[PDB]
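Engineer: need a structure here:
(6 chains, ligands or ions: 3)
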Amino acid sequence: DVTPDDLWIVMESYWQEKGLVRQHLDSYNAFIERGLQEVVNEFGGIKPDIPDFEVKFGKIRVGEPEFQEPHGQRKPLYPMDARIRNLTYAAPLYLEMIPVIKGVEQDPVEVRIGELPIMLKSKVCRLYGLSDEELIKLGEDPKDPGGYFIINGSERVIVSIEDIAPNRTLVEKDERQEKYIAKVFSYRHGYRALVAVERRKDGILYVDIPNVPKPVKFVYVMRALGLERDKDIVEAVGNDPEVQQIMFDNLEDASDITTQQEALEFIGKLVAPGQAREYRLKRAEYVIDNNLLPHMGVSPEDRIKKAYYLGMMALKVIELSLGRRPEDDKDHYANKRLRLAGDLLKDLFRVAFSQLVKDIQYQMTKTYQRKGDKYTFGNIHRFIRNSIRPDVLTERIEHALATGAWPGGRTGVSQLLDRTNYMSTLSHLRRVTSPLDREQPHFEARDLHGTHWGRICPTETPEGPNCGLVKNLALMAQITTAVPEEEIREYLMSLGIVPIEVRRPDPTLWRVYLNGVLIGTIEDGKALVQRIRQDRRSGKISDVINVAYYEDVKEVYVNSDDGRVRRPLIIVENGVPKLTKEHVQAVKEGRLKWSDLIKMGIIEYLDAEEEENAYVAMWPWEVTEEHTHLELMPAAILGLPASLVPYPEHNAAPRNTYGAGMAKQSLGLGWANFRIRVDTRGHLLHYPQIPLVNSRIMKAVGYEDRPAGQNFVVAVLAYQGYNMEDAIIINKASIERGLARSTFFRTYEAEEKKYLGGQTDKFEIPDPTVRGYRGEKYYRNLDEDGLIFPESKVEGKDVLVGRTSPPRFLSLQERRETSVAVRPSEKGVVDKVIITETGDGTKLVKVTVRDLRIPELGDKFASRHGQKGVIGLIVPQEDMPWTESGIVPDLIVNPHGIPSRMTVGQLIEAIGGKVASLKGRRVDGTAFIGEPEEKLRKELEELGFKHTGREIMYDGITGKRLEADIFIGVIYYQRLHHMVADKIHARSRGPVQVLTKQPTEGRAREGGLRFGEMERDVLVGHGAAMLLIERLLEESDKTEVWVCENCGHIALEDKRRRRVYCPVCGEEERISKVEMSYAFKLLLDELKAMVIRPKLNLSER
Amino acid sequence: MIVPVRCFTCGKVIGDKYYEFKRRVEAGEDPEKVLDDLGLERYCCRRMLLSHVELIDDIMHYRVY
Amino acid sequence: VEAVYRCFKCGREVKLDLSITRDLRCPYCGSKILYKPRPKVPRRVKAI
DNA sequence: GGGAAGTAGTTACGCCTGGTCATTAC
DNA sequence: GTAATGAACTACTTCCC
RNA sequence: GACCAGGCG
Ligand SMILES: [Zn+2]
Ligand SMILES: [Zn+2]
Ligand SMILES: [Zn+2]
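Structural biologist: Numbering: from 1, shown residues only, chains lettered A, B, ... in the order given. Ligands and ions are numbered 1, 2, ... in the order given. Sure, structure below:
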């Protein structure tokens, strides 16, 4: 037989062979191999206005990753070099152009059209296939999984958008009317079109088309595509007698009123109202051609197929009305497809190439018109080569990848990579985001779904408004690529399916769909689906094909596109799983791998469609004859960070969510090459440790090699108030011995920029004469070349690099001091100094500062069970209680926090950790398979202690034992990066905004806090008017304004003769002074900017 | 990075007996008997050796000069 | 103003002046990245 | 006239981190 | 070298056959 | 200075 401990061996090979970032690398490889060629072949060629010239496109190739120096040479590039020098890791692109003269092709030529960024560790990157020591020699961490870009020295990652199905038909119903709306999205060359057909109280079918405001009737739009005879419409749509009667009711609006061209006249009248009569026909024909179901083609010949598809949509609409089909569910995962890098990059490349071809056309036309035909035909190769500007492609791709604003209005496609530690980066590389708007409630979209089982982690999600709309992939999830569709269609046509054109559907015949479109009918689909799936199991066809059927409507669905999310399962036949013990043995030895298991037919992938027909058993001892599949490992449905929590089934869901989210913030050894690596911020834990109680998944995924957190001796006891309300108490001697000690990094950058002309910057110790020269104390440890010596102490406002800018035009002959200095509220020691050259010849220096941080009051500590707090008091060792066996607690936690949160897993982990430490072996706590509690309690009883986990302690001050036994154990704890040293802030006086003369904003620039409106309301509610006057006016902008009393305008004061007079009216005696806030003066000025005139009436006192 | 010199909780010196424990546990001995032989009675000290990672050896490959 | 520098990947000393040098490259390696070596001064550090 | 139907207006408060801009053809 | 721009809600207001 | 993305209560 097979026990759950055996399936773990098989499950390990999946991660050992495939990895964790497959959905990026596979998609990018598919894009590289085929996407570029398809995009190039879409355009065809260039048609300039030259009388006898035309260019045809050939092949496209991608070169090696290289960089070109400004002086001309081109040399190889490596990722660390690109990161340090703030360059872009890209490779050149080559294209073949075939000149055509007078209709005869010439010999081809090859030109470079630009550069393309390269995904790290892809099939074309320089790091592909290298060994561990090769990566070590190159400065890379072998644990790095890859799958991100390097843009201008920064690391960018592309998240996956959760779009809707690309060609399916979805029906629904709204309550504001009786409309039975069926809407589809049609995709062709990146263009999205929305088409809807529906009925209403009139009973007449109506159609909505983009760029057509009026909902033209159904028969009118059908007759525009031909088949005017009334028999043709009914034959096209359906054959049910009730449907026949409904259609006879529908026809009378257009059956004997219009013909094929008359409907064209109506459409032309609507699309072009009041325009030229001939204009209307062409406009209507254009709209019909390339705005109605574009995915069926834009040629005028495809109108019959378009009419058939529209008739099918209308048939679905009317079938909803009679209650022959339940309404579709939008949140069901069979209706949603993911967007990966290979398609977003395809769209971006498409738009960039579309710009480039037009630019080339313009350049060629202008050059030929100016120079003349003799120059163009003298050397055609040179004429083609020198007319290409390869920057419009590179710059447009790079800017879009850098900013993150995709063409088409989408935002947030590209994000900065989170490099706090291992778990943060690994979880960030597996994100899934929704395109909905954040502010709206979206009650239906944020809820969990039954189809999410095995495809989406149910516990890892943000906490704010982003809850529900951002999710993470599960561990068993597998994304799919796309296979060619023509081969699949011609294979499907060869086993009994008749074409749709030859035979009309009828209620006794099954329907067959391929990727959402109808292709034919068959007399028996129950045998067809079995044959197709058996062929897939045998190995005749690819495994990306999934087949499902619904007998209520007599339909069969076949899917072969990319973007689906699938999970693996074990095939069960005749109540016996197909996996045997010898298979597990062969996998363990190494003779058999996961791919071979897939090929042999033991394990198959199921998407959301096939799972409708399945009946999955959970445990190997629960299978019977009815079951069709066996679950591999239930513990793997959780995401990556959510799998760290030991005994996750003993806690409340919000606490598990808090722990999973908080596991991405703890300090620890992130990557091995942190010393060389240049980052804006960084952290390091001095003595990381492996958790004593852990899940077996973390060992497999490599978490044990980059841990984060330490084990504490925790006693659950109520101390003297200082640990109340989620506060913790820490021992002092433990801190003095290295517990929870960490270091903080920060990098500064300076550049010797070049200006317009001979003006330039310079690295130099500033002279006392130059403007803005700081005190000579600050330039204390700068070497004469202008750079600071390493390993020298620095305080706030100290200068790291001395730079003198050219003089600012009004000050002549006076250089400006623009040195780079440490932040005003930081402190540390210089660690390393790097000198290098940028991509255009300018010098560049980078300096890092190292600071040591010891725990103090306010620092945030948190376990992995969702319990968080801050240090309340630090206690000397001799004051802490001690157990009668010789143990002194390392941490104290209030017992009031346990019952409300109901985190029993923390107590379980404490008992297990103490038992593991006593026994000298780690304890397994992997979800539903870990060691049971009673076994741990019995083992603890055997080892000599008490089964309840309690002990006897003595008071550390009085010196006598307490009246109650105290729970005590060992618990894993983590230190978050929200330290108090980065939050303290105070302001008395400082810089102000230029426009409003109010204090600036932000801790970084000595800003001030904001006194919001509810604070004003609170002050009003107390009744302190003078406090309001002081806070809102005295400590903010305040000014004196001269006001003309006779006319109400603001007077003018002249410094040249100390005379004050009103400009609009000649008044010089009634001028008075008023005290008001500057912001109100700006408001008065802005009101006077418009034609509104505010008049002021003064009063005494 | 490297083995701590002293146990955090009680200050006992355990920094010189990690390699012997690792070698004798890699030689197939019973970990509990090895820890008892080394003289570590309180589990606050056994926690130090039982859960340590030697991360020093795989970070010396990167030199900063 | 002559100062000592060390190559990023070879570690061997490179001697040049930053004021007038137009390109930064180790004469031994194609690399353009250089370090600034630590001075020879007895830095004093507390043991807390 | 009193039924559409099509505008027009809103959707909690702080704080922190980092990254990008701010034209071009001749 | 520079001159040149390229999703929900709710209550009103307007129809309207 | 304005935008974008991610976090904290
Ligand atoms: Zn006046
Ligand atoms: Zn100890
Ligand atoms: Zn060198």
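Engineer: Where do the helices of the stretch 751-900 of chain A begin and end?
Structural biologist: Taking DSSP state H, counting those that start in this stretch, the helices of the stretch 751-900 of chain A run over residues A:897-901.
Engineer: Report the contact partners of the residue of chain C found nearest ligand 1.
Structural biologist: Closest to ligand 1 within chain C is residue C:19: 63.9 Å, counting by C-beta to the ion. No exception for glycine: its C-beta is placed from N, CA and C like everyone else's. Residue C:19 makes contact with A:785, C:1 under the criterion C-beta atoms under 8 Å, 6 or more residues apart in numbering or on different chains.
Engineer: One more pass at 10 Å, please.
Structural biologist: A:762, A:763, A:764, A:785, A:786, C:1, C:2 (C-beta atoms under 10 Å, 6 or more residues apart in numbering or on different chains).
Engineer: What of residue A:404?
Structural biologist: By C-beta under 10 Å, 6+ apart, the neighbours of residue A:404 are A:156, A:158, A:159, A:410, A:411, A:412, A:413, A:414, A:415, A:416.
Engineer: Out of the contacts of residue C:19, which are close to DNA strand E?
Structural biologist: Near DNA strand E, judged by C-beta under 7 Å from any atom of the strand, there are no entries from the contacts of residue C:19.
Engineer: Double-check that residue A:313 belongs to a helix.
Structural biologist: Yes: Residue A:313: assigned to a helix according to DSSP: H, G, I helix; E, B strand; the rest coil.
Engineer: right, and it touches residue A:180 too?
Structural biologist: No: when contacts are counted by C-beta atoms under 10 Å, residue A:313 is not listed as touching residue A:180 (11.1 Å).
Engineer: any common contacting residues for the two?
Structural biologist: Contacts common to residue A:313 and residue A:180, judged by C-beta under 10 Å, 6+ apart, are A:171, A:197, A:198, A:205.
Engineer: Now render these as JSON lines, adding neighbour count, distance to RNA strand F and secondary structure.
Structural biologist: Output for the shared contacts of residue A:313 and residue A:180, formatted as JSON lines (neighbours: other C-beta atoms under 10 Å in any protein chain shown; distance: C-beta to the nearest atom of the strand, whole Å; DSSP: H, G, I helix; E, B strand; the rest coil):
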{"residue": "A:171", "neighbour count": "18", "distance to RNA strand F": "32", "secondary structure": "strand"}
{"residue": "A:197", "neighbour count": "27", "distance to RNA strand F": "34", "secondary structure": "strand"}
{"residue": "A:198", "neighbour count": "25", "distance to RNA strand F": "33", "secondary structure": "strand"}
{"residue": "A:205", "neighbour count": "26", "distance to RNA strand F": "39", "secondary structure": "coil"}
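Engineer: between the residues you listed, which is closest to residue A:647?
Structural biologist: residue A:171 (45.1 Å; C-beta to C-beta).
Engineer: Excluding chain neighbours, what is closest to the residue in the stretch 301-450 of chain A positioned nearest to RNA strand F?
Structural biologist: Closest residue of the stretch 301-450 of chain A to RNA strand F, C-beta to the nearest atom of the strand: residue A:412 (3.3 Å). Spatial nearest neighbour of residue A:412, chain neighbours left out: residue A:404 (5.8 Å); criterion: C-beta to C-beta, 6 or more residues apart in numbering or on different chains.
Engineer: same question, residue B:5
Structural biologist: Closest to residue B:5 by C-beta to C-beta, 6+ apart is residue B:15, at 3.9 Å.
Engineer: Contacts only, for that neighbour.
Structural biologist: Contacts of residue B:15 by C-beta under 10 Å, 6+ apart are B:2, B:3, B:4, B:5, B:6, B:7, B:48, B:49.
Engineer: can you tell me how far it sits from residue A:620?
Structural biologist: 48 Å (C-beta to C-beta, to the nearest Å).
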